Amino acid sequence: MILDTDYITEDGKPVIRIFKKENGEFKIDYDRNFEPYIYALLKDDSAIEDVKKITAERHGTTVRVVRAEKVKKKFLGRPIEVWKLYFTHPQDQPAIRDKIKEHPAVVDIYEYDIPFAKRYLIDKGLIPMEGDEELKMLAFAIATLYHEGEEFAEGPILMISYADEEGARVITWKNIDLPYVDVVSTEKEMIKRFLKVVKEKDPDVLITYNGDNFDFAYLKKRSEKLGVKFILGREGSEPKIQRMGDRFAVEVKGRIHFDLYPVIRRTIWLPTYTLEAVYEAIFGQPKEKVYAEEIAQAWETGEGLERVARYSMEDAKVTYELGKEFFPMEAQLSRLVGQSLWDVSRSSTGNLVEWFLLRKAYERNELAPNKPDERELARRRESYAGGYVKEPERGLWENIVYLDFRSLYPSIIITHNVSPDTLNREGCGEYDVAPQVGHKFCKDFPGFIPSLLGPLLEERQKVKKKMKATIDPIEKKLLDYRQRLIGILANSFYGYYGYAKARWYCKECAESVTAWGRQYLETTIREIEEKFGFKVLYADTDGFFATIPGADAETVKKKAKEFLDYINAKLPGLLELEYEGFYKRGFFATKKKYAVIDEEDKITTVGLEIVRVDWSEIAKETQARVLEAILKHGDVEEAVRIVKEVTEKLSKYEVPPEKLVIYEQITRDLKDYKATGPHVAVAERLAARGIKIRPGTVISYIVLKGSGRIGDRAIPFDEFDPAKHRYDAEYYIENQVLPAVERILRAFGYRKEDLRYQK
């Protein structure tokens, strides 16, 4: 198994390094003979002799083209002949490429900005993360002594936690008789102890949660001050610290530094992105946070150090658990894209599509177009059209099918051979005309993108068959990740077409796919109404909800299935409609806002639920019960009653004052991000405990009847006690409860006025 590649420069010559794991052994192959290159398109071949003589002046050394060989390749549907220019060193390319492009006989240059070790992986047909090789992983976390005003890492690391197979431990330089803590003399010896358990565990994967930006940078500054050489690479080097945007990332040569933060932030959408937020919204259980200020308190103190050491080891065991969840996903993603897990897990989707495409263009001898210049990149600023959204039928309905298109946009790209290289080609014998926009896509030959996509969809189906046929659940889950990842890849080509930074950019292609999508949904909808008597309640882009008004459940199901057979014998090519699911009741408040229940009584919601910094359990409870009243009971009036009851019980003070805890997340440091509110009050009240409120730093609070404004008097539930404390019922009604249910009940004709009663 290939883990990674990079390159070193020795006497000015690049040497590729391959980091490998094979029969449980770590290996490093070196390749001294891989040659950087670019391609030049020349007006006349006789100009090559000028170009061979071009030379830059780089750090005093004359750099030139080492050789030139004429090659034949494909480029956007048409054959092309270009000159492959070799060089001694990859970094010779920038200095000499602008000079070559200056030559008046040079039309353009190509494939000039492709990182050398990534060029290696592609050109050599090598694929990271392939095979069955078991890989040893280890997570780690640190807790540090922090104090306001100090520079980064002015205070010592107090604990280094790690966690893996054997369990979770903490290393620290103060005595804690807890049995998972190991104690040593010094911060220095702690750090040496850490470096030593790594050497002897020798993991292939190092898992952190935001190690790219905190842990590794801290451990660097500290080991510098203490004069320890932070040796983590199996090759004798310190962690290497790249830039990526403003923020940074860290490599550990010979191992994979798997930072879960970039990975999580692009998978499940959490409100905030703390390690606690992640764990509770991935695994289910909760996790305690210990603020920085309390850790400083506990370390200067005797006791309280057992709780913090719990929080430290609990940083480490969850990171290893989370890493065990998200790693095989990224191993599968590395196989598919053909790039290292390190790069794969830190990269934007359009960027992973482009590395997949670059590998395919090489396999097919297809010359890559260039990324756009700044001015072209501003030209590609179109707003796109977006698929068909039907204004929904209002009110409550029963016996609903959701029908949808199997991979609608891939299906279309293949079916209509939609590709920059097939766009408005001349003398074409066979073309499909995109509706509305009128772009003509030649079908005399397979387009580059369609020809890649077809095998992807095929492979996906072959993987799903293997998934279901293999009894072993570890394998099933691997195959399931692979399957899903293929489908995300395939579903990303539509967006790639409009992606402004795309090498194979194609606005016409994007406009055409969207338009075909509209046509297929619209006519499919018209068909089921006019031929099968269905009523389409709502539709968004690749699917619709429908019922037969009056029919019973088995009738709509059975007729839904007949219509699939009908319409699928009519849909061209790969276009196919499938029966996704049946819903006993549902309602569609507006476009993108609806809720439905299936026969398992599982309610599914879209555009209605609580996404809020200010979420409270009286709100979440009350929204949940009105949905249950509309969808389980099919009783909208009761839903209204429930809101009236709950607003009454809030004002007559009969409501358990803790479900009125507002767990709020902080976005900006308390500079009045919100002009005022509960947050500025609870900040003052927990500055009493010594805590400052920083981004993250979840704040739980109850809002009390005070003077001044409603919602200006707030305290932590810590300091609450049901005597000399009354919650402000008006805040909980107008700010928590009614906003959670207004939208649902507006869909049934009720205004906020109707949802209370006082006088």
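Numbering starts at 1 and follows the sequence shown.
Average Cα temperature factor in the PDB entry - higher stretch of 366-374, 660-668: Comparing 660-668 with 366-374, the higher mean C-alpha B-factor belongs to 660-668.
Mean C-alpha B-factor comparison - 689-697 and 60-68, higher one: Per the deposited B-factors, the answer is 689-697.
Among 131, 573, 543, 487 - the residue whose C-alpha B-factor is largest in the record: Answer, based on the entry's C-alpha B-factors: 131.
Looking at 491, 524, 297, 415, which has the highest Cα B-factor in the entry? Among 491, 524, 297, 415, the highest C-alpha B-factor in the entry belongs to 297.
Per the entry's values, where does residue 40 land by CA temperature factor relative to the rest of its chain, in the lowest, middle or highest third? CA B-factor rank for residue 40: lowest third.
By the record's CA B-factor, is residue 304 among the lowest, middle or highest third of residues in the chain? Tercile = highest for this residue's CA B-factor.
Using the B-factor values recorded in the entry, state whether the Cα atom of residue 719 falls in the lowest, middle or highest third among the modelled residues of its chain. Its C-alpha B-factor belongs to the highest third of this chain's values.
Should residue 312 be placed in the lowest, middle or highest third of its chain by the C-alpha B factor in the entry? Within its chain, residue 312 is a highest-third residue by C-alpha B-factor, going by the deposited values.
Lowest, middle or highest third of the chain for the C-alpha temperature factor of residue 23? Within its chain, residue 23 is a highest-third residue by C-alpha B-factor, going by the deposited values.
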